[PDB]
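Engineer: Shown below is the structure under consideration.
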Amino acid sequence: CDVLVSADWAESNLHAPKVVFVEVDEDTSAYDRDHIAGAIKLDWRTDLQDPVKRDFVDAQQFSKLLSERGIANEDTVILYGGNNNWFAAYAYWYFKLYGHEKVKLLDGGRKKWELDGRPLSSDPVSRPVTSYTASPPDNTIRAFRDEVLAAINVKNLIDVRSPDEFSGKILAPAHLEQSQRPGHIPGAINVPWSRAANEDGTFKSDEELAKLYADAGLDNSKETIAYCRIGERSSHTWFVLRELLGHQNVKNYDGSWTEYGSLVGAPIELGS
């Protein structure tokens, strides 16, 4: 597509003119041993987040980051990674946020790739520094708490966590604590991100996708906001709704539940 590429296409374009392959994951230890030939790495925690404030980097920082890494405005960017391509989808969203036009996701991420047995490289990579200039933030695709609060009833609210997180039965996936209140935003619909993807990690057809979200009760006549626990899994769904099925107004609530379930006085709904 114009926003998605297949492993085959990727394989056959490893070293094509103005095309940069970038690996995104929250750890980056996977890249420091095996990665697509020519690929560079962005560490989600250490490169894309603020060191002090609960926030991701701003325009000026984003520009210095990409410059230092050799990404140019006119490059076509291919994103891919582990953890079900979650953070690749998070990066995809950061990119669109700062106005990058030619950005494409790699269907399946680092997991379809490894499964097809495609060649990986362990050779260090460094590109000549560029002169990248980000656009001021496009908040048409970002939701902040207040507008998240102001929604409720007004908008499709899509909770992409697991059912047990959604119902409030559990606070977080499997590892530990996150807010201090369990549950979801009143009115919210539970489509665990996972349903939008095949066993191998690739996105499902627009036919399967429309069905999935129709069945769950997504109101096509309403504007939509997606949320997760840390925006993690929500930017993956955002990409699905806006980029694949092409809804016009879809925001990612990056704050997600870690913020929401910690706000005092905010409405909450238990159960399913």
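No Cβ is skipped: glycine too gets one built from the backbone with ideal geometry, and neighbour counts run over all protein chains shown. Numbers and lists here come from the model and the stated rules, or from a named source; none is laboratory data.
Engineer: Starting from segment 28-52, take each residue that is outside any loop (DSSP other than H, G, I, E, B) and list its partners that are polar (S, T, N, Q), counting only C-beta distances under 6 angstrom and pairs at least six apart or across chains.
Structural biologist: Taking only residues 6 or more apart or on different chains, the pairs are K41/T28; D43/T28.
Engineer: So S167 fits all but one of (1) in contact with a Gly (Cβ under 7 Å, 6 or more places away or on another chain); (2) outside the structural domain of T258 (by CATH); (3) over 25 Å from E243 (Cβ atoms); what number is the exception?
Structural biologist: (2)
Engineer: For segment 114-161, what are the residues that are of a type in the set (V, I, T), closer than 23 Å to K96 by Cβ and surrounded by 15 or more Cβ atoms within 10 Å (Cβ to Cβ)?
Structural biologist: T130, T133, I141, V148, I158, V160
Table: residues versus (1) basic (K, R); (2) out of contact with any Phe, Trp or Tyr (no Cβ under 9 Å at 6 or more places or on another chain); (3) assigned by CATH to the domain that holds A134.
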residue	(1), (2), (3)
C1	no, yes, yes
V20	no, yes, yes
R33	yes, yes, yes
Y92	no, no, yes
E101	no, yes, yes
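Conditions tested, residue by residue: (1) touching an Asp or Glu at 6+ places or on another chain (Cβ under 6 Å); (2) part of a loop (DSSP other than H, G, I, E, B); (3) of a type in the set (S, T, Y).
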| site | (1), (2), (3) |
| --- | --- |
| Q180 | no, yes, no |
| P186 | yes, yes, no |
| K222 | no, yes, no |
| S235 | no, no, yes |
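Engineer: For segment 162-192, give me each residue that is closer than 20 Å to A150 by Cα and surrounded by fewer than 17 Cβ atoms within 10 Å (Cβ to Cβ).
Structural biologist: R181, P186, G187
Engineer: I'd like the full set of residues that are aliphatic (A, V, I, L, M), buried (at least 19 other Cβ atoms within 10 Å of the Cβ) and farther than 19 Å from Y92 by Cα, limited to segment 205-255.
Structural biologist: Once the filter is applied, which keeps residues that are aliphatic (A, V, I, L, M), buried (at least 19 other Cβ atoms within 10 Å of the Cβ) and farther than 19 Å from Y92 by Cα, segment 205-255 yields only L218.
Engineer: For segment 188-220, name all the residues that are among the charged types (D, E, K, R), within 21 Å of the chain's Cα centre (by Cα) and either in the same structural domain as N83 (by CATH) or not in a helix (DSSP H, G or I) (or both).
Structural biologist: Kept after step one, since they are among the charged types (D, E, K, R), are these residues of segment 188-220: 195, 199-200, 204, 206-208, 211, 215, 219.
Next, only the ones that are within 21 Å of the chain's Cα centre (by Cα) stay: 195, 199-200, 204, 206, 208.
Residues satisfying the conditions are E199, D200, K204.
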